[PDB]
Structure formats: structure tokens, C-alpha cells
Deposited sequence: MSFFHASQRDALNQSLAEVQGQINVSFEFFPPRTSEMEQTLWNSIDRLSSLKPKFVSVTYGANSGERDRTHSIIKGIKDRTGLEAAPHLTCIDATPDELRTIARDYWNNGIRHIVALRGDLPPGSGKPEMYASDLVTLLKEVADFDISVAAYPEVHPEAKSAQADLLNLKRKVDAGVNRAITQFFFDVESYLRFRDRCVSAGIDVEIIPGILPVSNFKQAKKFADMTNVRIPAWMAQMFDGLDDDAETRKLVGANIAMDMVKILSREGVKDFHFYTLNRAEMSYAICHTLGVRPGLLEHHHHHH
């Protein structure tokens, strides 16, 4: 019984990797008192899993950018975990960036996720990496796109950009979320073929709100397989079933990736802990 054994094998393999998996969690600046509370609950919950690091997204408005720094600081004080702020090239001059970078370093924040940034309705990520490396010897993470950045002139160019980016001084790449596991695996192979020597860490998005995930997916060129669309069909008013189905999907994904050698996962928590916590548990990442 093929599938029967294959499943038992996969399950047993997953149980045995307990203690070898590195995880990281991504959070975003809360916009309300309610969101803030959820965030700190999630931070405390996930901090007990001892992630290699946690990161905080960087938006464009000034208040939000001041928010990123305060939350990073708040996370460091409260948990003692390495917190990496996301830094973009949007609405910032090289001089402001060097200042922000110098201040981050002097404040004990030596890991930065260097990004170009979403374009609001000049320099590229590689330029930021170079700039940052000139300021200090930062630990740097950058974005990778298994399904190709929607702006790239070609997959070749996008893959080449990643290489250029990595060459400037990157420690790891974190992929855009995906639901087609094979796209990630193939991309990981193409990266080797492109001479990129850093680990390609999959960014995992546990889906609880499909409507919103689909919209984000449609804007980022992320493919939603037909089976997944059918799996969430008819659940617009059933949050409970969506959570169980989404967890099942996320869990199946990390199980397969783990069997393919992946030992690092980055979770897009959307500031909630439940799903990512449970996924990490199946991965053997526990308190």
C-alpha cells in the first residue's frame, strides 16, 4: 500500500528531526490597541519556542517606521531574543539609511532584513546591502521569489539579481510565501545552479483567512493550486473550519519540505501564534 507506507515514513521522519529545526517568526506593527495586545501575547507564546530570531516588517509612513523600532526594542527587552527589523529603500536617502543603520547597530540591533520595499501608489535591495555592509558588519537577510518577482524582466534576471544581492554580503534568503511546494524545491535547485551559496529559507504562510491570502497572492504572483482553492471554497463564514484546513495544509507543507532537507522555516504569523505554534510543534520545535 504505497501511500500508506509513504505517509508512515514521512510521519516517522518528521518525529525524528525534533531538535534540528531552526525557526524564525515575522510580525508587523500593530495598528490598534487590540492588535497590540494580540501581538505581545503571540510574542510571549512563540518566544518560548526559542526561534533563531524574529523580525518586524517596515512600512512607509513615519509613525509606522518609528513603530518598527519600538517593537524591536520592546521584543529585545521582554524576551532577550535577536530581533531583526525590516529596512526598505522606500522614501529614504542613502544618508538617512546610513544614519538609521548606524543607530540600529549602536543600539544592539545587528541583524537586518534588507529590502527594496513595496512601491507606493532609485536604489535596489543589492544597493541597500552594500550600503549596510559599509556602515557595519550586519547579519543580513534578503527576499527571494520561487515564482519570480512580478517586476523582474525574467526568471533569469530575477535569479541573477538574487545572486548579485547575495554577493554584496548576505547571510540568508527568505522566500515569498508559496503553496506549490515543487516551485520552491525547483527554485532551490536553480539557486545552486546560479552559484548562490546561502540557504534559501522558505517563508511559510499559515492560511486562516483565504479571501485575504488569495488577494495578497494575486498581487504577488503566488499561485494558488486548484485543490487549495477548492479546499477553502464555501468557508467564507466558517473561521473554525478554515483554521483546521489551513493548519492541515501548512503542516503537510513543512512535513514534505523537512523530508527534502529543509531545516529552517520562517513563519508569516500575521501577529497570531496559534497556527505557527502548532506547526512548529509537529516539527519538534517545542518549549
Deposited-sequence stretches lacking C-alpha coordinates, listed in sequence order | 1 to 2, 124 to 128, 295 to 304
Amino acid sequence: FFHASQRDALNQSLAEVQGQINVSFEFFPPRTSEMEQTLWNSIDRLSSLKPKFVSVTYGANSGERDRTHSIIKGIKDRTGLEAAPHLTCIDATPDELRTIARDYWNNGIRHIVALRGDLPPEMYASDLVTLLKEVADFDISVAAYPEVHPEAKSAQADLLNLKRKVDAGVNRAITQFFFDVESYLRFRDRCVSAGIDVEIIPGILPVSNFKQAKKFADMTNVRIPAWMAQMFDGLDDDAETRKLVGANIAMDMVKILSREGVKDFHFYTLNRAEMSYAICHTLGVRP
From here on, numbers count along this sequence of modelled residues.
Quick one: say whether 27 to 35 or 248 to 256 has the higher mean Cα B-factor in the deposited entry.
-> 27 to 35
Averaging the C-alpha B factors as listed in the entry, name the stretch that ends up higher: 186 to 194 or 149 to 157.
-> 149 to 157
From the entry's CA B-factor values, the highest among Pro202, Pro206, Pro94, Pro85 is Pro94
Would you mind checking which of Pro51, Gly234, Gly59, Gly261 has the top Cα temperature factor in the PDB entry?
-> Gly59
Relative to the other modelled residues in the chain, which third contains the C-alpha temperature factor of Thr68: lowest, middle or highest?
-> highest
How does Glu134 rank on Cα B-factor within its chain, lowest, middle or highest third?
-> highest
When the modelled residues of the chain are sorted by Cα temperature factor, does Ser126 land in the lowest, middle or highest third?
-> middle
The third of the chain into which the C-alpha temperature factor of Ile109 falls is the highest
Consider only the C-alpha atoms of the modelled residues in this chain, order them by B-factor as the entry records it, and name the third containing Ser47: lowest, middle or highest.
-> middle
